Amino acid sequence: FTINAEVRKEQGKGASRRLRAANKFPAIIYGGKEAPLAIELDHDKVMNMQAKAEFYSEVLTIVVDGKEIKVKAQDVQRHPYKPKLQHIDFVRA
Amino acid sequence: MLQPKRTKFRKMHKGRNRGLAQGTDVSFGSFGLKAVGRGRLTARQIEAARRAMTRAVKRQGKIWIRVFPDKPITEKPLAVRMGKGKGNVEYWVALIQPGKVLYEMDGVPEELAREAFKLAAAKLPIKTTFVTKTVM
Amino acid sequence: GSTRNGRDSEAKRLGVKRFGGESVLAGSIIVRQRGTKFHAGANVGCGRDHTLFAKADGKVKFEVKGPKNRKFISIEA
RNA sequence: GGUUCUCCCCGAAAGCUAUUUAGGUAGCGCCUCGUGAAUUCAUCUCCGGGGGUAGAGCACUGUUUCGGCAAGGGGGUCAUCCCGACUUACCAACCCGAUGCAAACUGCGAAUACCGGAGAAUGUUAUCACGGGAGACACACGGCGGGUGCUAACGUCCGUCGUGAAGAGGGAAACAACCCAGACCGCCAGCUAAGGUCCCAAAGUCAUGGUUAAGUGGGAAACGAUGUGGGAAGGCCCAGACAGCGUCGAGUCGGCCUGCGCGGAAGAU
RNA sequence: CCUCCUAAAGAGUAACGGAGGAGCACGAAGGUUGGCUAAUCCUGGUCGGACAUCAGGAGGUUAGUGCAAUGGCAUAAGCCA
RNA sequence: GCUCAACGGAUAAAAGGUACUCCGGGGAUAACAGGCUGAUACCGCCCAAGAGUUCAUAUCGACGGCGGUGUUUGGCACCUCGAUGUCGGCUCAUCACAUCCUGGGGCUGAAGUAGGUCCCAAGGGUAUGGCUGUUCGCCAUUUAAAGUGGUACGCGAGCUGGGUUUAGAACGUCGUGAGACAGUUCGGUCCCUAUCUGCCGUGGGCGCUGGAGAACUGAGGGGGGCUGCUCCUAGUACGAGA
RNA sequence: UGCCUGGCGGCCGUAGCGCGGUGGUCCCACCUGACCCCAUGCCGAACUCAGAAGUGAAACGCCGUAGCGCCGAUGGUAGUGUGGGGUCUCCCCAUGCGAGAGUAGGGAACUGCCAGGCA
Ligand SMILES: C=C[C@]1(C)C[C@@H](OC(=O)CS[C@H]2C[C@H]3CC[C@@H](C2)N3C)[C@]2(C)[C@H](C)CC[C@]3(CCC(=O)[C@H]32)[C@@H](C)[C@@H]1O
Ligand SMILES: [K+]
Ligand SMILES: [K+]
Ligand SMILES: [K+]
Ligand SMILES: [K+]
Ligand SMILES: [K+]
Ligand SMILES: [K+]
Ligand SMILES: [K+]
Ligand SMILES: [K+]
Ligand SMILES: [K+]
Ligand SMILES: [K+]
Ligand SMILES: [K+]
Ligand SMILES: [K+]
Ligand SMILES: [K+]
Ligand SMILES: [K+]
Ligand SMILES: [K+]
Ligand SMILES: [K+]
Ligand SMILES: [K+]
Ligand SMILES: [K+]
Ligand SMILES: [K+]
Ligand SMILES: [K+]
Ligand SMILES: [Mg+2]
Ligand SMILES: [Mg+2]
Ligand SMILES: [Mg+2]
Ligand SMILES: [Mg+2]
Ligand SMILES: [Mg+2]
Ligand SMILES: [Mg+2]
Ligand SMILES: [Mg+2]
Ligand SMILES: [Mg+2]
Ligand SMILES: [Mg+2]
Ligand SMILES: [Mg+2]
Ligand SMILES: [Mg+2]
Ligand SMILES: [Mg+2]
Ligand SMILES: [Mg+2]
Ligand SMILES: [Mg+2]
Ligand SMILES: [Mg+2]
Ligand SMILES: [Mg+2]
Ligand SMILES: [Mg+2]
Ligand SMILES: [Mg+2]
Ligand SMILES: [Mg+2]
Ligand SMILES: [Mg+2]
Ligand SMILES: [Mg+2]
Ligand SMILES: [Mg+2]
Ligand SMILES: [Mg+2]
Ligand SMILES: [Mg+2]
Ligand SMILES: [Mg+2]
Ligand SMILES: [Mg+2]
Ligand SMILES: [Mg+2]
Ligand SMILES: [Mg+2]
Ligand SMILES: [Mg+2]
Ligand SMILES: [Mg+2]
Ligand SMILES: [Mg+2]
Ligand SMILES: [Mg+2]
Ligand SMILES: [Mg+2]
Ligand SMILES: [Mg+2]
Ligand SMILES: [Mg+2]
Ligand SMILES: [Mg+2]
Ligand SMILES: [Mg+2]
Ligand SMILES: [Mg+2]
Ligand SMILES: [Mg+2]
Ligand SMILES: [Mg+2]
Ligand SMILES: [Mg+2]
Ligand SMILES: [Mg+2]
Ligand SMILES: [Mg+2]
Ligand SMILES: [Mg+2]
Ligand SMILES: [Mg+2]
Ligand SMILES: [Mg+2]
Ligand SMILES: [Mg+2]
Ligand SMILES: [Mg+2]
């Protein structure tokens, strides 16, 4: 799986709700000894691929800033009732 | 129908029912019936819905009830005035928030789970949705 | 008809009277409490009803201290 | 119940406490007048504080479901002097792992608020004390947090803010309490607020892009439905799909999310 | 009159709101000095059993507090002299 | 030295009745009606366990769910206590439609006849008596049918006054008693000459463009709109017959 | 100046448990006896005293080791002050504040004074 992503400019509740009100959602890449990277993801693209059970098991590549970050899906915050993703934690493999 | 075997106190403040649910994942079975709406589920409603889905599966698979009606609801008798103390406990409710998985089911096909939960949902005062166990 | 409740005691006006950094005269009550929610530190006495009071003129200082992480009140004189 | 001329300045309360008190009254709170005194007070920023609410959580107090483990305990043969041994539609504590719930749960814990300190700016001293004079102690609605009630009431009882009360003007058809806004007087000047700009009726029959066909707009839910718009993704398809009768030559199928509509929808001049 | 909750994390805060208590006790159950540490369960043990006392261990206040509840309490405010 | 416990403690020292009543007040506060509300009530609807030989959905609808009405029982105490006359009847109504009859129609577990159920429909129509103050109800006998509600539970400045609710009296019952009972019993004053609105009738004035006498047109308004039975069609269709 | 031990503090779990080592010269511990001082609601167990043959067994200290306890970001979520809005039992928007839980990860404390042993 290859996910395209942008570095989030703005963080916090207001920024994050604005992302999701435009069919994106925040995510975080952390782990290793590099600083956490806060990213924004296209919602429908990721929701489609996380339907597959392979998404959560296999290593994924986040193309953020044109750079390939290999990651595993660590945690997902789902929307309480709707079939949507609020947030994903990625750990640098 | 479900009711606490004991409680510390007989009567409970009305309270409010704000927020989203805890227990939003199918944690036990394969399939779940999730609350989309907010409200009260009475013990009678929980039972009615349980009997519906149970009869649909023809006593096959396994059913979990994730919600428990632990909130006593009082009522005043007819033709009594206001005040003179809090009314008597008449029934028990579970407070439901959006996202609350109400029932779960395992050991049936999805098709039959969807039908069983559709029959159960018609007994409930809250809008529900079918959900499946997620890998994460 | 009737109810068996309808009783309550007078509110006791407990709690902190002088907060951190407040300048007090000796004798000033810092906290009224039931038991030692706060403990007497330096230049603070503990009365018979667990009232903490200043034994010196100075500034109230709250501190967490010791192996149980208990709250002490002191006066920095 | 009624209380008679005029103008100017300020301007409440409908609370607490007590009361043979509850529509009365007293002290205090709030008003006024006077006198006197500190950057005295307020806002903001920064600093020092305590907190156990919201939220959360489940170690505790309780409650709760599932699974595992199983001390024991019923239900019953074979045995039966004393015993034992298999055995359960079985009912099962503790402990372990999962899941929730709590005003009177808390191994967590905000925002705010409050207390104190410091510093500017600003404010008719806005502060405190003392003294002369009161009035008031039926509140109402609205917002927010709650108890009660049916998260019924233009209900009731608290907290807190706003307005009415004691406040005109503009808006909400009309409409104390909502929205805008605080009327010293005069003007046949101008700009705006809320709210509006087709006619009644002041101002766009304004511009651009969409949606709706229900007069929806301009009352009503579960639920029902090839209404219609948008988005993402599939199944099958010129190795001929889908429908109709191998033929037939182009798409077809029904879930998902979403916008706006439709039915559901019966009342008395 | 007391305690808790309602009570909106300072104080205070209503209802014929939700729950309980008081109208005492004690010359020690007060003072001080010195000392001490609980429940509960497991294993073993005359009578003795589910539970008496004894011994060891687990446990760590889940006890205790003259009497409600809350807050306290090991330096104990608990227990003994 | 105080259960002065009604606990800021009127006195050292204190219970009741009033329908024989009275005054000052209050819509600050109840009874009626209105209002707000809609728990309850009534009426719809959703799901479909099941009943219905078989068959959920002809008919019915368990467990539960969602509404509508304002419509019962209530809640509240907003209007009225310097008075908003009350149950029932009589007289006269008027509207709604959730339709009782008559009209139209779908489904039927509708052969016919006759039903059941649902939809449309408010034009008109929609009992008399016995008992009881009754409304209601039961009963008798009609009817095509004897609708359900709203209208201050329509209507006392229209009538009645049997009921409720003054003063008299008695019974049962309670009370030592005065007296009392949403127990019973017998008796027991119902005022108003209509100003305004409204309504039914009926004139006067002026207008309508010179005046006058007639006949009209018809904007618009009102009235009316019910229905039985018999016979024929035909003992036909239908039916094993009945 | 290093290493070890004792005492007294700071600090109050990143510091506590468990589990595997390990130390006796000194120190510490157990230890050895008790007419004594003092002691046991009985008991030299403890407390106390007189001691130094023995052992680090226990304890204690030290070291190692994540199976726990503990600590713990980032991001998101919840809540919320102010202003505004909706379909107003509940939410949403702007702005400010922003948890709890969980995740990555951290983690087998660190440190002052004095005394003694050893090097
Ligand atoms: C006197 C008042 C009356 C005529 C009657 C009254 O009824 C009552 O008050 C019942 S008590 C009864 C009334 C009269 C006077 C004394 C005696 C007791 N009885 C003969 C009655 C039915 C209501 C209950 C209260 C309101 C009333 C207005 C409308 C109504 O229905 C009336 C009052 C305002 C009316 O004036
Ligand atoms: K003080
Ligand atoms: K006063
Ligand atoms: K004054
Ligand atoms: K308020
Ligand atoms: K004002
Ligand atoms: K319209
Ligand atoms: K003593
Ligand atoms: K009194
Ligand atoms: K008297
Ligand atoms: K309906
Ligand atoms: K059938
Ligand atoms: K009256
Ligand atoms: K009528
Ligand atoms: K029919
Ligand atoms: K009709
Ligand atoms: K009336
Ligand atoms: K009458
Ligand atoms: K009249
Ligand atoms: K008359
Ligand atoms: K008039
Ligand atoms: Mg925000
Ligand atoms: Mg209290
Ligand atoms: Mg401490
Ligand atoms: Mg003024
Ligand atoms: Mg008195
Ligand atoms: Mg909470
Ligand atoms: Mg008063
Ligand atoms: Mg008052
Ligand atoms: Mg008030
Ligand atoms: Mg409120
Ligand atoms: Mg009110
Ligand atoms: Mg209200
Ligand atoms: Mg007034
Ligand atoms: Mg005004
Ligand atoms: Mg106005
Ligand atoms: Mg106007
Ligand atoms: Mg202008
Ligand atoms: Mg105009
Ligand atoms: Mg135009
Ligand atoms: Mg409309
Ligand atoms: Mg609709
Ligand atoms: Mg408080
Ligand atoms: Mg507060
Ligand atoms: Mg107050
Ligand atoms: Mg003592
Ligand atoms: Mg008193
Ligand atoms: Mg009078
Ligand atoms: Mg009133
Ligand atoms: Mg009334
Ligand atoms: Mg009523
Ligand atoms: Mg009131
Ligand atoms: Mg009225
Ligand atoms: Mg009058
Ligand atoms: Mg109709
Ligand atoms: Mg008509
Ligand atoms: Mg006609
Ligand atoms: Mg009759
Ligand atoms: Mg009437
Ligand atoms: Mg009528
Ligand atoms: Mg008359
Ligand atoms: Mg009349
Ligand atoms: Mg009479
Ligand atoms: Mg008499
Ligand atoms: Mg007519
Ligand atoms: Mg010894
Ligand atoms: Mg050893
Ligand atoms: Mg955190
Ligand atoms: Mg260790």
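So you know, we letter chains A, B, ... as the sequences are listed, proteins then strands, and number each from 1. Every heavy atom of this structure was used, including side-chain atoms; hydrogens, water molecules and symmetry mates were not.
There is no side-chain donor-acceptor pair under 3.5 Å between B/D25 and B/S27.
When the nucleotides E/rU3, G/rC90, D/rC66 are ranked by their closest atom to the side chain of B/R38, G/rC90 comes out on top. Across D/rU63, G/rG75, G/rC97, the shortest atom-to-atom separation from the side chain of A/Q77 is found for G/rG75.
Using the sign of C1'-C2'-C3'-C4' as the criterion, D/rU61 falls on the north side of the pucker cycle.
Nucleotides D/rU39 and D/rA250 fail the base-pair criterion, which asks for a Watson-Crick or G-U wobble arrangement whose two donor-acceptor distances both fall under 3.5 Å. The bases D/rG11 and D/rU208 are not paired as Watson-Crick or G-U wobble with both atom distances under 3.5 Å. Between D/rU163 and D/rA207, neither a Watson-Crick nor a G-U wobble pair is formed under the 3.5 Å criterion for both distances. Taken as a pair, D/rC223 and D/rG263 qualify: Watson-Crick (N1-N3 plus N6-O4 or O6-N4) or G-U wobble (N1-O2 and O6-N3), both under 3.5 Å.
Remark: the B/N17 side chain and the G/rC90 base include no donor-acceptor N/O pair separated by less than 3.5 Å.
One P atom belongs to F/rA169, the other to F/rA152, and the distance between them is 43 Å to the nearest Å. For D/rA136 and D/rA12, the P atoms lie 15 Å apart once the distance is rounded to whole Å.
Both conditions of the stacking definition, centres under 5.5 Å apart and planes under 30° apart, are not jointly satisfied by the base rings of D/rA166 and D/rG167.
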